[PDB]
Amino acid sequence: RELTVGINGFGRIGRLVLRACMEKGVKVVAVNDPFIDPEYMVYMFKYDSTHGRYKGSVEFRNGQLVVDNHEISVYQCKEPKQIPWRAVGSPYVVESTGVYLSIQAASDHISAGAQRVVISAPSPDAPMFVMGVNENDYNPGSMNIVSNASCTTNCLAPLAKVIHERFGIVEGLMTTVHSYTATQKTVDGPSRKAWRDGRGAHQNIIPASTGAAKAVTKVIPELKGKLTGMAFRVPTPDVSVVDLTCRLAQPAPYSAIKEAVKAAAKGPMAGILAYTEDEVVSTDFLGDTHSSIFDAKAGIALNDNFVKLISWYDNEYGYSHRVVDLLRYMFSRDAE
């Protein structure tokens, strides 16, 4: 009858997914987090260092979180298999813990009663979707567990689609200058799997690997072999920027690039890709719901066939809105 949602992991993305759901009239029926009891959830949801106080009412009673009079069951389970999704009637589950990334790890939600799962991160094997790029690849009958890619991939893929369809990308290399996140440390500490990520996040420009540019070639297969990249983590709490250096097949004077991006923004990618010529900086995108905001004046061309294109994203807020848009899209299609 209606889209109902459950959120596993009430972190940055989990909480801002809940905000996005409220803004978009999507029913959340449960939140599970083992480290956050209902009264503490109220606090964490209401006050936000980056995105301000929640505009609305937040309370708890009866082991529930109450947002603007909508009651939300709260569970405290450490593993997906333990979560009582059947109790709240087979909701679509957002898997936002960061620790259950494979189809196998995620499927424990399905066996615990979830109708679908959207992993809020890239998956080694779940099929991957970027709204505005390949969401039509979703198959209601055969895809119980999907991935909504990364924030970075949601920024690059829409831009890469427009540039590729208009000019042809021969080859590209991406850098994202990216805000620090929850996986990083306040001071130099242990990160055995990626030593540089242990270094103090507030003190350092930190190079990091990312699969996000390659991930674009999974959602736009015709770019296979033509894109990769890396990241720098820097001392800002939110908002990131993509810097795509690409070699183009057809002549691409910069005025022609701008006309293509503007047309995409105003039409087939309205709400996903935005276009600006203002003299913006990162804080200007706090709370912006777009996946990718093309910065006309920040980019530079060496010539008509070799350009550096710049596009912003609120990696927390934009991505969280895409999770909700993907959920809603899945549901309309699952009515087939």
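So that there is no doubt, residue numbering starts at 1 and follows the sequence shown.
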18 to 26 or 317 to 325, whichever carries the higher mean Cα B-factor: 18 to 26
Mean C-alpha temperature factor, higher of 282 to 290 and 300 to 308: 300 to 308
Member of 253, 190, 122, 207 with the greatest C-alpha B factor (per the PDB record): 253
Candidate set 49, 32, 62, 276 [ranked by C-alpha B-factor, highest]: 62
Residue 144 CA temperature factor, ranked by third within the chain: highest
Modelled-residue ranking by C-alpha temperature factor, third containing residue 202: lowest
Position of residue 113 among the chain's modelled residues by C-alpha B-factor, lowest, middle or highest third: highest
For residue 216, the third of its chain into which the C-alpha B factor falls: middle
Lowest, middle or highest third - CA B-factor, residue 39: middle
